[PDB]
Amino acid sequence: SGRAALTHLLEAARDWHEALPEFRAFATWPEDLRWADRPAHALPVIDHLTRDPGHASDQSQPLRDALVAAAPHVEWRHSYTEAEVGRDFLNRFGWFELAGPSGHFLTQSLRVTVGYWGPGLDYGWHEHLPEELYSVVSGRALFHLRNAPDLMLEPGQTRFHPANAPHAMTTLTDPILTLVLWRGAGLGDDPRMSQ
């Protein structure tokens, strides 16, 4: 059951939000989330995530395992073209919207997305109007942000991306699985590569 796996995932995401003060500071968890009955859409990333979801902390393991169990049931998205990121990146990365205007659960109060990148990928400079708050669920990666330090983030660490500030991320030997909140002007916009 897709419905059961996604409902269990939503519970794990809510618990994760409640447990992270930076997430509580960024947005209140919505009281109106509704099952959307959005169908699954498979992309090649599923098998990479399932075989190699990344090291979890004891605190992040329930969410990581819920994400792996949800993988065959979510609507995976890519966003970028082969010209922009290359075929290997498209094979070994993807994202989906867990909650939000077009989430597996609908709400207009918040947007929650999830991304996976296998090892050895360089997600180049990209940007968008809405603010975003990353968390790492499992794995680790190096996070770049214009006008700010580089940070190597591990499970449970977070990073705020202010509106329109370009950011980027590199995985080295480990993959990374993330769960991200969005807010502000432009909510519902997708990232674009910086020009």
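The first residue of the sequence shown is number 1, and the count goes up from there.
- Judged by mean Cα B factor in the deposited record, 53-61 ranks above the other of 158-166 and 53-61.
- In this entry, 169-177 has the higher mean Cα B-factor, the comparison being between 169-177 and 18-26.
- For the set 32, 132, 127, 150, the maximum C-alpha B-factor listed in the entry falls on 32.
- For the set 136, 142, 45, 145, the PDB entry puts the maximum C-alpha B factor at 45.
- Annotation for residue 105: C-alpha temperature factor in the lowest third relative to the rest of the modelled chain, per the entry.
- Placement of the Cα temperature factor of residue 72 within the chain: highest third of the modelled residues, per the deposited record.
- In this PDB entry, residue 94 carries a Cα temperature factor that places it within the middle third of its chain's modelled residues.
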